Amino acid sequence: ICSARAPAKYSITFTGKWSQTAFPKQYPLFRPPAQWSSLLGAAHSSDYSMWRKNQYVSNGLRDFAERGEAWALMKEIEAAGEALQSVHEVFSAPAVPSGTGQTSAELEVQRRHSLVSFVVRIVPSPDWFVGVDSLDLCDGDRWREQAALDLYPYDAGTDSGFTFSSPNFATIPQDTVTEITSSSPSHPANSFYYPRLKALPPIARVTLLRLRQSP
C-alpha cells in the first residue's frame, strides 16, 4: 500500500565480509582466491521475483549462481518488465575481487516498484550466493532513510558440490533455494559446517541509503 508521491534515489553499498579469520574452513586462497561476482539487481514490484527461499531458481539465475554469467538473467529481467511491467530498472555494481571489500551502485524506486532484489555469487562455489529478495524501501507515504542488512550464504539448488572448489555436479532432480547455516548441510566435508558455532557470522552486508541529490 505504498503511496510515495515521488520516486527516490538510493545508494546500495555491498560489503564482502568473507575473510579467512571469520570463515577459516577451506578458505580459498588461490586458483581462484575467495571473491565475489558482479552484483546484479533490480527495483521492481511484487509481480517479479528474482529469487526466493524454497523456490526454484530461473535458468538465468542458475547461470549467474554457478558461473557469474549475468546475460541470461539480465534478459529475463528485461522480459519480465515487457510482459508484466514489473520492473522499474536494473542495476549492477562491480565485482569485489577479494573476500573482503566494497562495491556500490545507485538505484531508483517508485511507489509502483518499491522493492529491491539483488544477487552476488560466492566465488568460487558450486552454486552459492548472497542477496536480498524483495526488500521494500517504501513505508506508506515515505521512503525509508536507511536499511542495513546482514547477509548469509544461500544454495541455488542446482549443483551438488560440497566444497567451494568442488567440480561441477548437476543436482537432479533440481532442488529449491536453501539457506546455508553453520549446522546445515550437516557434515565435516561441507564448507560452512561449523558445529562449534551457534550460527554463522554474516558473510556479507549491504546498506541502502536514501540519497539527497535534490530537495
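Throughout, we count residues from 1 along the sequence that is shown.
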Report task. Using the B-factors recorded in the PDB entry, average over the C-alpha atoms of 157 to 165 and of 32 to 40, then report which stretch comes out higher. Result -> 157 to 165
Requested in this report: Look up the CA B-factors in the entry and say which stretch, 111 to 119 or 136 to 144, has the higher mean.
Outcome: 136 to 144
Query - C-alpha B-factor winner, where the candidates are 105, 72, 96, 80 - result: 80
**Report entry** Chain-wide C-alpha B factor ranking for residue 127, given as lowest, middle or highest third
**Finding:** lowest
**Report entry** Among modelled residues of the same chain, the CA temperature factor third for residue 195
**Finding:** highest
Query - residue 172 - Cα temperature factor, lowest/middle/highest third of chain - result: highest
Query raised in the report: Lowest, middle or highest third: where is residue 179 by C-alpha B factor in its chain?
Result: middle
